[PDB]
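**Student:** PDB entry and its sequence, pasted below:
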Amino acid sequence: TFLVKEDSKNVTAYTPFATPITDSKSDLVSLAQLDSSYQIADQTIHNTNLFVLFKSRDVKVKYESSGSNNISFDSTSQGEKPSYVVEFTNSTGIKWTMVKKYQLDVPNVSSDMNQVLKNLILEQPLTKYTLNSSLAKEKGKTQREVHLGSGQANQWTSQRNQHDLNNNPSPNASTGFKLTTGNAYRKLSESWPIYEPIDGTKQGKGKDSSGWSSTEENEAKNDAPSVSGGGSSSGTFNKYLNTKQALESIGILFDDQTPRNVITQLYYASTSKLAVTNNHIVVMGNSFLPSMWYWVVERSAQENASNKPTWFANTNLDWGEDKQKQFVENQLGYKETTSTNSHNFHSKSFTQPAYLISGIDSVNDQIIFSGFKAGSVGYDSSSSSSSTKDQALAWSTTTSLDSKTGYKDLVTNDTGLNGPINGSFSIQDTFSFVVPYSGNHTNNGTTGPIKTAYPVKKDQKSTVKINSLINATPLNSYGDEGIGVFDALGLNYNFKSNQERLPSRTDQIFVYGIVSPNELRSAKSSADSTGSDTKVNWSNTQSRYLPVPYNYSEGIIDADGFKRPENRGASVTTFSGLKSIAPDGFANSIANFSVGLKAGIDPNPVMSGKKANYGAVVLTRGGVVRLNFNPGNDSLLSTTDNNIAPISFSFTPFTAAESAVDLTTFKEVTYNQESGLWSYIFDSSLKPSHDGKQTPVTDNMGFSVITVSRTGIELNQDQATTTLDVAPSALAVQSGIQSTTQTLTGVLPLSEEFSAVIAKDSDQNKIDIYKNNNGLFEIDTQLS
Amino acid sequence: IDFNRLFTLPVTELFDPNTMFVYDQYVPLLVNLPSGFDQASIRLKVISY
């Protein structure tokens, strides 16, 4: 029998003939002995029992910079509503009964963790209506401006050795972006605004929470007032966008019209996805805002025990090569700390602190995760003065043109390892934004080896305060310059005979991997640790630079080495200049989004003695990614040649039908064990009621379903396929099931060559039976 | 009906091949009987499969 979520609290069971079972509508929130503020976030079936994640709309968390217990539930405001995972079983029709109930306690904070957190600043979440120009930040100080100063232009070549920038050909390389204007950055105790700048180069206030509250918020309120009832909001909307409705639709909690603080938002969002194994229960965040932690719960945990999450900052992932990890870590913040109070993630010896988790699932006792790496860099808070004051320290790490071909050599290329190097370079009849040379190479011949350094002057070394920040997008450098646009769209290619796309190792980094029960036991140990932070090691993980489709932006029609003169123009060079033509329900065309990771076991038989194949699919902007694993080893699929990109990842582009589907409306991802097919369900009801200009949405009704299928030669099929050299891929296809009027309840995969859709077109339910032609659907009017 | 139980297995062992009558244990899963009923009084013959 099939289960159907009627609303945020009830679950109804349906027979294989698409008929509901009478007296089966169960209120699981009540059954789980939880109050009205709770709603089911995620559900999964393990063993034969139902596992359900619950989260309250009334949760309030606090961050206190002093003490030992720094993160805690705001008991004083009746917001001591932690999330819960409950196991439910059948004692019969269908009669549900609670087995085990697990609470999700707040994270434990060490003294070393609290030194970073104290000054940790976070960018307001990316919304459906956030434009390229909102994300756009004012370009920062140049490499020579920081190290040498003004009126020091003539001495780059002379003075550069003393600043450890020996043989650096980029004096004009940007050191970061200003936090004076643009998208709001707030501490764990501060709250984000419902207003988003139309132009983040000139409108917002950035990290200046004080300057916003005292003067700018009032100008924002006067420019962008919210709708009240019907109509289209009579506001000017010239400088700002009101995105309160879009905020609420991605899970932002409010006290009237004021959003709750960052820690509360972070918490509620961290308790969004569920995975179950024989010994553990794993909970991870959503795709809308970054996750700093994750829960590993031993299923044998006592009924009144507190389950603490593990921080991402302790979770050491395998980024592919040792170099690929350093690029991420060296940009997290500055080391040495000749100050004291110069505390960031890198200086207090942590790893990457946040991820934009696309999903979590389990196959053969193994947990599979994926998602984009959230942009985390250091920033200056000096307060008199230093040259880098009120500025984030970020740079492009894209591989140089002269680099050796082959995936391993491209990604291990030392370009932008310790500091900035990329700018704008004229090459023959064209140009590039990537540095043409690395190592000893120059156009004249060869000289000394090229050095890069962290944008902090050795003279201002002591009096500087380099703290930590986390962005809402997979982007690290928001600085308004060409290299950023090329880094985000993947328009950086070499000029050599065999063309390859030069990767970035900090911007648009897709992370994925497979976790064993013991790797989960280490993460539990890390969470329960007393004194210092205990580090976790995840070994079967990889990374990949996955940028947004260039064609989602107006003016770009190809990705090649040769760039047209019009492409050097500020209108298709900067973020504030670039125009979006993206159909996937996102006003931006620069930040990447991932969602609905789902693993599944391949039905097609395998060579005798070989274990059954399994993989996973996740949806990204502009296409489908497939994750390849070897079942004999329960590790990521690998190949012998290092010149080929890890065969554990393949990406297939979408067509206008799949690109047309609004990814922000993802409802449920399902997998048919017999078919070997994935059904991606989109509920158009998940659309926000009003746009950025407070205009009511007229397309927030209906649904759409996408089918994902396995393509290519699969492992262990015959004696030839015992090893592979090409990544087996996937295919995203708009199924044929869709509506613009009906409000979806659920889709029963009735049986192999049939499916049933349950919906409401007034209030009354209607069962639509569609004929399944191995992934492609068509309605049967004869089957009512 | 309960497909997920003993209807998962083939049609083969759902009835006696010689007499062609459905086995006496499967009968309550296909018939709606009243309270305190003698199941010996009724029998289900297989006409096609």
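**Tutor:** Perfect, I can see it now. Residues are numbered from 1 along each chain as shown, chains lettered A, B, ... in the order given.
**Student:** quick check: residues of chain B near chain A?
**Tutor:** When proximity is defined as C-beta under 8 Å from any C-beta of the partner chain, chain B approaches chain A at B:1, B:3-4. The C-beta positions use only the backbone N, C-alpha and C, and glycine is treated the same way.
**Student:** and which of the residues you listed is nearest to residue A:293?
**Tutor:** Relative to residue A:293, the closest of these is residue B:4; by C-beta to C-beta it sits at 38.8 Å.
**Student:** looking at it, that closest one is touching residue A:1, isn't it?
**Tutor:** Yes: counting by C-beta atoms under 8 Å, residue A:1 is a contact partner of residue B:4 at 6.7 Å.
**Student:** settle it for me: which of these two has more neighbours?
**Tutor:** Neighbours per residue (other C-beta atoms under 10 Å in any protein chain shown) separate residue B:4 from residue A:1, with residue A:1 holding more: 15 against 10.
**Student:** grab the nearest non-local neighbour of the residue in the stretch 651-784 of chain A positioned nearest to chain B.
**Tutor:** Taking C-beta to the nearest C-beta as the measure, the stretch 651-784 of chain A has residue A:751 as its residue closest to chain B, at 9.7 Å. Distances taken as C-beta to C-beta, 6 or more residues apart in numbering or on different chains place residue A:16 nearest to residue A:751, at 6.3 Å, with adjacent residues excluded.
**Student:** in terms of helices and strands, where is that neighbour?
**Tutor:** Counting by DSSP states H and E, no helix or strand carries residue A:16.
**Student:** touching, it and residue A:1? I think so.
**Tutor:** Yes: at 7.1 Å, residue A:16 counts as touching residue A:1 under the criterion of C-beta under 8 Å.
**Student:** give me the contacts around stretch A:234-249.
**Tutor:** A:125, A:127-131, A:134, A:194-199, A:203, A:219-220, A:223-226, A:233, A:254, A:257, A:259, A:664, A:686-694 (C-beta atoms under 8 Å, 6 or more residues apart in numbering or on different chains).
**Student:** same thing but at 6 Å, please
**Tutor:** A:127-129, A:194-196, A:198, A:203, A:220, A:223-226, A:688-690, A:692-694 (C-beta atoms under 6 Å, 6 or more residues apart in numbering or on different chains).
**Student:** and what of stretch B:41-49?
**Tutor:** B:11, B:15, B:20-22, B:27.
**Student:** how about those residues in JSON lines, adding neighbour count?
**Tutor:** Shown next, in JSON lines, are the contacts of stretch B:41-49 (neighbours: other C-beta atoms under 10 Å in any protein chain shown):
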{"residue": "B:11", "neighbour count": "9"}
{"residue": "B:15", "neighbour count": "17"}
{"residue": "B:20", "neighbour count": "11"}
{"residue": "B:21", "neighbour count": "13"}
{"residue": "B:22", "neighbour count": "18"}
{"residue": "B:27", "neighbour count": "15"}
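**Student:** which one of those residues is nearest to residue A:310?
**Tutor:** Nearest to residue A:310 among these: residue B:11, at 51.6 Å, using C-beta to C-beta.
**Student:** which residues sit in contact with the closest one?
**Tutor:** Applying C-beta under 6 Å, 6+ apart, the residues contacting residue B:11 are residue B:49.
**Student:** how near is it to residue A:499?
**Tutor:** 60 Å (C-beta to C-beta, to the nearest Å).
**Student:** nearest to chain A, of the contacts of stretch B:41-49?
**Tutor:** Closest to chain A, out of all of those and judged by C-beta to the nearest C-beta, is residue B:11, at 16.9 Å.
**Student:** mind telling me what element residue A:417 is part of?
**Tutor:** Using DSSP H and E, no helix or strand contains residue A:417.
**Student:** to clarify, my last question referred to residue A:103.
**Tutor:** Per DSSP H and E: strand A:96-104 holds residue A:103.
**Student:** partner strands of that strand, with direction?
**Tutor:** Applying DSSP bridges to the sheet, strand A:96-104 is found paired with strand A:83-90 (antiparallel), strand A:306-307 (parallel).
**Student:** out of those, nearest to residue B:38?
**Tutor:** Comparing the strands paired with strand A:96-104 by C-beta to C-beta, strand A:83-90 comes nearest, at 30.2 Å.
**Student:** now the residue of the stretch 651-784 of chain A closest to chain B: phi and psi?
**Tutor:** Main-chain dihedrals, residue A:751, degrees, to the nearest 10: phi 160, psi 110.
**Student:** give me the number of residues near it?
**Tutor:** Number of residues near residue A:751 (other C-beta under 10 Å) recorded here: 14.
**Student:** what's the helix or strand for the closest residue to chain A within chain B?
**Tutor:** Going by C-beta to the nearest C-beta, chain A is nearest to residue B:3 of chain B, at 5.8 Å. Residue B:3 is part of no helix or strand when elements are defined by DSSP H and E.
**Student:** what about the closest residue to it other than its chain neighbours, distance to residue A:314?
**Tutor:** Of all residues not flanking residue B:3 in the chain, residue A:16 sits nearest, at 5.8 Å (C-beta to C-beta, 6+ apart). Between residue A:16 and residue A:314 the computed distance is 46 Å (C-beta to C-beta).
**Student:** and the strands in the stretch 451-600 of chain A?
**Tutor:** Using DSSP state E, counting those that start in this stretch, the strands of the stretch 451-600 of chain A run over A:466-470, A:509-515, A:536-538, A:541-545, A:594-601.
**Student:** let's have those strands in TSV, adding distance to chain B and mean neighbour count.
**Tutor:** As requested, the strands of the stretch 451-600 of chain A are exported to TSV (distance: least, C-beta to the nearest C-beta, whole Å; neighbours: other C-beta atoms under 10 Å in any protein chain shown):
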stretch	distance to chain B	mean neighbour count
strand A:466-470	47	25
strand A:509-515	31	26
strand A:536-538	38	19
strand A:541-545	38	23
strand A:594-601	19	22
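**Student:** make TSV out of those and add distance to residue A:725.
**Tutor:** Compiled in TSV, these are given as follows (distance: least, C-beta to C-beta, whole Å):
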stretch	distance to residue A:725
strand A:466-470	38
strand A:509-515	20
strand A:536-538	26
strand A:541-545	17
strand A:594-601	23
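**Student:** go ahead and flag the most central residue of chain A.
**Tutor:** residue A:356 (2.4 Å; C-alpha atoms, centre = their mean).
**Student:** surely it is in contact with residue A:372?
**Tutor:** Yes: if you go by C-beta atoms under 6 Å, residue A:356 and residue A:372 touch, sitting 4.3 Å apart.
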